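To keep things clear, I will list the structure first and then write my remarks on it.
Positions of Cβ are generated from backbone atoms using ideal geometry, with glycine treated the same way; all protein chains shown enter the neighbour counts. What is reported rests on the model, the rules as stated and the sources as named; no laboratory read-out is quoted.
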Amino acid sequence: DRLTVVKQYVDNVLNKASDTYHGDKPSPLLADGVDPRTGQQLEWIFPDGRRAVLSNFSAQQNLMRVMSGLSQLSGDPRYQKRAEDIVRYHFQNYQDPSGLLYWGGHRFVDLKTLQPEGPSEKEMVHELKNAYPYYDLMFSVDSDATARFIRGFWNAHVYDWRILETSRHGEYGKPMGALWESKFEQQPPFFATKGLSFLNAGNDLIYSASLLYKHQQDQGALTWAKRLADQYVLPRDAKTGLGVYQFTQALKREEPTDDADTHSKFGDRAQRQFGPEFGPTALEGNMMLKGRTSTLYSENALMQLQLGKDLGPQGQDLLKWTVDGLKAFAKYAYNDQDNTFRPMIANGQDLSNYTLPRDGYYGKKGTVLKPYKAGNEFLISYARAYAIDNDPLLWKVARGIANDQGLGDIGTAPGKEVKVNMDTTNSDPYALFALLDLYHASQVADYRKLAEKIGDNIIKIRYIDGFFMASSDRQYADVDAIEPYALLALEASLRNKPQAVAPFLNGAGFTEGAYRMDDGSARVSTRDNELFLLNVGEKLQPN
Ligand SMILES: O=C(O)[C@H]1O[C@@H](O[C@@H]2[C@H](O)[C@@H](O)[C@@H](O[C@@H]3[C@H](O)[C@@H](O)[C@@H](O)O[C@@H]3C(=O)O)O[C@@H]2C(=O)O)[C@H](O)[C@@H](O)[C@H]1O
């Protein structure tokens, strides 16, 4: 029984990931990682040898959705109540006067001391990148505190409201400026600014402002959310429709002297490394490379499709922008023959098997940019895009991904010539999610029966020592694992209650800083992502 499995999983989390450092007066906070064998909680090791237990609430927002979903479907209110208690404790103790929380890329809470920590010395700042926190829950706990966060988020990350210069970093303790009442002057594509308008951060701004509109009817918030979304659409290639990862370029204020020094103050990093051979269109925003294309055609897509639907008539532009970009990506970059995307520049330039001729931001000289497999996260965005626009081009990509992933043939069109593989070994939560989307739009039973198979596979192979892990050899389980989320989405569909589980937008959290190695030296730019990829007996590799 899949609901029984998720219930026991969340019970394990609330046992093994809980505050064990304050006696019989624990906080409601949770450790991000637990070794499921021993119950050892994942720790950050600071330069001077001090150990903190990593509690980063930005990295627990899938769990929060899982806890809410489990309460809804099972009728047991303890998981909802605990998630509310965690939210409340963060507004109570870990929200600064500006509204910002001690979470995100560079701040977390030590579960042992309950103090906010900052692992990155130079960057004691607020940062969210494809995080998509569960704002619906936060609003239900404390709407004023949530609203204060979202406004303080925009206040810190918009450097210049006139031109919408944005940054992935935001300073704590800033006073409130003109915010939504700021005057706007639309600038031409790729104007030069200090702030780097990466779409991973841009995603979080758009999403948060839209949720402030959703809950408080804040028209200022919706105006700016849509305006920011449009910033990423206006510089799209007029011929290809591809792009963009950012809508500004780094302002050059020093002349570069070394290729491997890729600080943004030397100017656009793609123009440095690609400009001599490719010309003016080699710009960061135009580099349709692996990772960037997930942020653009997965994370951004999932959020904007759901937002576009929510807004009814005024969401029609959003839906169009979103589906058009997915079409362009499928048209130019997708290789039907082997289920790959081509590394590309947004001008339509194919970069497949290109050898980098000098060092730079995108790799060392001699690095070869290769086609990369279209992952199951893309199956979701193409399945969802097709649901609103039944284009065979969108169906082609979904069909190609599924086939490559051991799922069989989903058909020539939904319900036509379907030969899915009911004996699949696929245990990918992303694939489960996308099959549930395919099922919802078409009501073709085979898609949901395939989703049931993936769920059983998840339970059989990824449910280990009461946790969910992508491999049986992994040292630590992540309490934010999406395996239980996909299992609950399936339960909700079968029970005819899809609204019992929050819509899945493929958000996730991360922590980054200096991490003290076992030889006493500092490993700069260490991510908790790297810690969750370690197997038993493996140590972090010098970077
Ligand atoms: O594809 C990858 O390798 C990753 O993209 C990640 O973000 C990139 C970059 O790799 C990070 O180092 C980070 O870079 C910024 C600045 O560009 C850099 O000069 C320096 O100042 O560090 C910065 C930082 O924020 O740490 O961010 C960019 C980005 O596009 O966000 C991405 O976060 C990661 O998950 C990989 O997919």
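Out of 445, 441, 451, report the one residue that is assigned by CATH to the domain that holds residue 79 and crowded, with 19+ Cβ neighbours inside 10 Å.
Every option except 451 fails the conditions.
Do you know which of the residues in the stretch 284-340 that are of a type in the set (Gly, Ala, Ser), more than 16 Å from the ligand (Cβ to nearest atom) and within 29 Å of residue 223 (Cβ to Cβ) is surrounded by the most Cβ atoms within 10 Å (Cβ to Cβ)?
301
Go through the stretch 1-59 and report how many residues are in a strand (DSSP E or B) and not β-branched (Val, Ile, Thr).
10
Across the stretch 361-394, which residue is nearest to the ligand (Cβ to nearest atom) among those that are surrounded by 21 or more Cβ atoms within 10 Å (Cβ to Cβ) and touching a residue at least 60 places away in the same chain (Cβ under 8 Å)?
So, considering only residues that are surrounded by 21 or more Cβ atoms within 10 Å (Cβ to Cβ) and touching a residue at least 60 places away in the same chain (Cβ under 8 Å), the one nearest to the ligand (Cβ to nearest atom) is 377.
Cβ-Cβ distance below 8 Å, separation of 6 or more or different chains: which pairs start in the stretch 519-535 with a residue that is closer than 14 Å to residue 470 by Cα and end on one that is among the hydroxyl-bearing types (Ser, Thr, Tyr) and surrounded by 15 or more Cβ atoms within 10 Å (Cβ to Cβ)?
Within 8 Å, the pairs are 531/476; 532/476; 534/476.
Give the residues of the stretch 440-477 that are in contact with a strand residue (DSSP E or B) (Cβ under 6 Å, 6 or more places away or on another chain) and of a type in the set (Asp, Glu), sorted by residue number.
446, 473
Of everything in the stretch 106-164 that's in contact with a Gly (Cβ under 7 Å, 6 or more places away or on another chain) and among the hydroxyl-bearing types (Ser, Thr, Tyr), which residue is nearest to the ligand (Cβ to nearest atom)?
In this case the residue turns out to be 120.
Can you tell me which residue is nearest to the chain's Cα centre (by Cα) among those in the stretch 303-362 that are in a loop (DSSP other than H, G, I, E, B) and among the basic types (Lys, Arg)?
Looking at residues that are in a loop (DSSP other than H, G, I, E, B) and among the basic types (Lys, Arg), I get 342.
Taking the stretch 273-283, which residues are part of a loop (DSSP other than H, G, I, E, B) and either within 12 Å of the ligand (Cβ to nearest atom) or of a type in the set (A, V, I, L, M, F, W, C) (or both)?
282, 283
Can you find, within the stretch 196-217, the residue that is nearest to the ligand (Cβ to nearest atom) among those that are of a type in the set (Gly, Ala, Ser) and over 21 Å from residue 142 (Cα atoms)?
By that ranking, first place goes to 201.
Would you tally the residues in the stretch 249-272 being more than 13 Å from the ligand (Cβ to nearest atom) and either more than 14 Å from residue 359 (Cα to Cα) or part of a helix (DSSP H, G or I) (or both)?
Counting residues in the stretch 249-272 that are more than 13 Å from the ligand (Cβ to nearest atom) and either more than 14 Å from residue 359 (Cα to Cα) or part of a helix (DSSP H, G or I) (or both) gives 6.
Filter the stretch 147-194 down to residues that are outside any strand (DSSP E or B), without any contact (Cβ under 8 Å) to a residue 40 or more places away in the chain and touching a strand residue (DSSP E or B) at 6+ places or on another chain (Cβ under 6 Å), then give me how many there are.
The number of residues fulfilling the criteria is 1.
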